[PDB]
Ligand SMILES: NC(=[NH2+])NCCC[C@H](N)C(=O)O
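Only one chain is given next, in structure tokens, and it is the form deposited without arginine (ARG).
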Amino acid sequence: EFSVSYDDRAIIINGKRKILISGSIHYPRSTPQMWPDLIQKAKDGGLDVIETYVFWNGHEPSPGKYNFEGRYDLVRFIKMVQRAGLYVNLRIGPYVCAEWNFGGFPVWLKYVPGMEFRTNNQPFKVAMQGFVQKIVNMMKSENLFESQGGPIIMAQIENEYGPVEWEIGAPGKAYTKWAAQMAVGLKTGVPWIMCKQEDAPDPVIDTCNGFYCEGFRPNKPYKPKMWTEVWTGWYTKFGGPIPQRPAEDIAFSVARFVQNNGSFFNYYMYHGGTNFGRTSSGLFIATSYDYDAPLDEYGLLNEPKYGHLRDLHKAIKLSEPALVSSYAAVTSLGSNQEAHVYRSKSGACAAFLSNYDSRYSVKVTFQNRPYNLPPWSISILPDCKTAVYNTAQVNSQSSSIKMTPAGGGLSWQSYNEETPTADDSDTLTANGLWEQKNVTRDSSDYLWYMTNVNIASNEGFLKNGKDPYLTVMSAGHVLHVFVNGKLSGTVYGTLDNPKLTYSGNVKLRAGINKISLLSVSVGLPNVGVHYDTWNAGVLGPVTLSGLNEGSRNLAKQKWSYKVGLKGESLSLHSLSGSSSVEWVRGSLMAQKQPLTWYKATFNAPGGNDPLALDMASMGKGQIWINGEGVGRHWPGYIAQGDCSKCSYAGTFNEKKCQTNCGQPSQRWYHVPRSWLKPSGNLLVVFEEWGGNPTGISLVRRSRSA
């Protein structure tokens, strides 16, 4: 009664070939209070399927101790999709990439003896098989595979391993084969897929990711052609612009794929959402994962994209009897124009009329009728006669985004974070520089590396008008250099170049000088061959020049380590209270000072509409509401890029339609309404850089035509 199989044409569900429309919604990038609404909008937007990764590091924070509660309740999310009448593509991974912290891998996994990720390595295979088996058993135990009457019609193993395999050689080939066999061996009763994996072994279907995939062919003629990631935009990085992808180009790319025998395509992202807390975002990934998705970060319709793709879906559904009972037949119409025709013996006929010219409209004649094709567009004729839809003709109105201040003027108190020093009265001393992940195990973004330097009274710089020069090199990602308790300077990296060098004159004086380096990670790397081997933190070298001796390398002296902030140890973000402390209010309140905690109590704004905090007056740090981590803020990191105006027409790339250049890369921080109560809400901000909290406002989001 229930089965999933496939043939050369399509995935076959309960014995019927289907042209499946899918979108990605990542369950932990929204709240369970949002999920039913997002799913309903996806259903109303013409999706047949919801696609999600599974996020291992979220589900297994320490070995053998699992978390499937709150926004990590994977079972509940899938059951909501089932309820709405949609299928699921479960992308287990468990490497998932996804601009997600460490690619999804638990940081603890890295420190298992003998471990090597994403290769033919026994401890990795054991841990990966163990978690995949855990997920498969949990789905089975809830009857969630389609073969059981549930929604899951397919699962993905690994993610984009093909390029890695290719670079790492024979051990990559072995691990590929192993992974595919281990997955198929779990007997889910439904197909397995691998994206970007030309050599995926039968019975696994290899699939295509990208802005366009119309030229892609699966690795056997008896496998269907599937596009697992139709990129709907691109991610936002701290320091980068907000990338957009025009609806007309997306619609063209989808029509181009479908007209060429493609039978599954999935929008990545459909709802992008938010990297809440501090274990979600990947390296330098913004708290917003909006992605220019059909549903915006806050869950509102992104018009006109949402409606324009809804209308495309309607056309595809009208075409579907023809699509599933024939194969595409191409007739050339002109220099840059084609007809892709699906003509069934049943009499059903659907046609796609294309104009690949990126500059000019062209009139074609098809079956005796003229059809005007705007540049870079495809018309869909679900009966081979009536052009119900053209990918460049948008009948949805656009809606523009407003973030309007609500409430106004919170009453703040502040608390200044200690600058610690190498008091040899520290539980963490070592005679060298240790890598940050190793020391913190990613329990905090912050690690203090501290050392004392003795200056002789007879140093020449003390007589002459001069300061010596300190160089600190770090693997990244932000570094604050404190000398004798005072911030001397701050440097910070980029996604592509997280490494840092601080070099500057420092105000050392005679006698003992205290150097305290605060090293900060901003999410962990999530993509790249051997990315899990890359370092963070101050590994040096660290040198002082300009002394009577010459230069003094400090890398082998006693280093003292403090993991995390004092406010983190005192739980200042917490509703109970973060070890209390002397909060300051009114005139003496700390302002534009580094390492300052701020807190305010507030009533929830009115309305049903989404909320954010406007953090433009702030610098960098973390936000909590009622003890729950809203995410990192970094409004001080200005967007740089090329924000040239763009046309939908012609080949898209992720830099073609960038917006927000010269603004904070993220100014507004999403606050889920369900996290609030009517009154007595506690807002805690840790401000790492320096800010004026009086400028913080709650804002309400709306979009109108």
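Definition used throughout: the rigid core is the maximal C-alpha set that superposes within 1.5 Å between two forms. Note that residue numbering follows the sequence shown and begins at 1.
Participant: Averaging C-alpha B-factors over each stretch, which comes out higher, 451-459 or 571-579?
Facilitator: Higher mean C-alpha B-factor in the PDB entry: 571-579.
Participant: On mean C-alpha B-factor from the PDB entry, just flag whether 404-412 or 335-343 is the higher one.
Facilitator: The stretch with the larger average C-alpha B-factor is 404-412.
Participant: Looking at 425, 287, 622, 377, which has the highest Cα B-factor in the entry?
Facilitator: If I rank 425, 287, 622, 377 by C-alpha B-factor, first place goes to 425.
Participant: Per the entry, which of 537, 607, 525, 240 tops the list for Cα B factor?
Facilitator: Comparing C-alpha B-factors across 537, 607, 525, 240, the top value belongs to 607.
Participant: Relative to the other modelled residues of the same chain, rank the CA B-factor of residue 42 and answer lowest, middle or highest third.
Facilitator: Lowest third, going by the recorded CA B-factors of the chain.
Participant: Sorting the chain's modelled residues by C-alpha B-factor, tell me whether residue 56 ends up in the lowest, middle or highest third.
Facilitator: For residue 56, whose C-alpha B-factor we compare with every modelled residue in the chain, the answer is the lowest third.
Participant: Once the chain's modelled residues are ordered by C-alpha B factor and cut into thirds, is residue 192 in the lowest, middle or highest one?
Facilitator: For residue 192, the deposited C-alpha B-factor lands in the middle third.
Participant: Which third of the chain does residue 313 land in by C-alpha B-factor: lowest, middle or highest?
Facilitator: Ranked within chain, residue 313 CA B lands in the lowest tercile.
Participant: Where does residue 650 sit by CA temperature factor within its chain: lowest, middle or highest third?
Facilitator: Tercile = middle for this residue's CA B-factor.
Another form exists, deposited with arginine (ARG) bound; not displayed. Remarks below refer to it.
Participant: Quick check for you: of 615-623, 393-401, 585-593, 213-221, which stretch puts a non-hydrogen atom within 4.5 Å of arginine (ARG) in the deposited complex?
Facilitator: Looking at the other structure, the answer is 213-221.
Participant: Since exactly one of 209, 244, 188, 490 fits, which has a heavy atom within 4.5 Å of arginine (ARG) in the deposited complex?
Facilitator: None of the other options qualify; the answer is 209.
Participant: With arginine (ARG) left out of view, which of 313, 480, 196, 599 would have a heavy atom within 4.5 Å of it in the deposited complex?
Facilitator: Looking at 313, 480, 196, 599 one by one, just 196 meets the 4.5 Å heavy-atom criterion.
Participant: With the two forms aligned on the rigid core, which of the residues 185, 528, 577, 564 moves its CA by 2 Å or more between the shown form and the other one?
Facilitator: Everything else stays below 2 Å; the exception is 577.
Participant: Mind checking the CA-CA distance of residue 579 and residue 413 in the deposited complex? It differs by 3 Å or more from this form, so is it closer or farther?
Facilitator: It is closer: in the deposited complex, the C-alpha atoms of residue 579 and residue 413 lie at least 3 Å nearer than they do here.
Participant: Considering a change of 3 Å or more, are the Cα atoms of residue 515 and residue 579 closer or farther in the deposited complex than here?
Facilitator: Compared with the form shown here, the C-alpha atoms of residue 515 and residue 579 sit farther apart in the deposited complex, by 3 Å or more.
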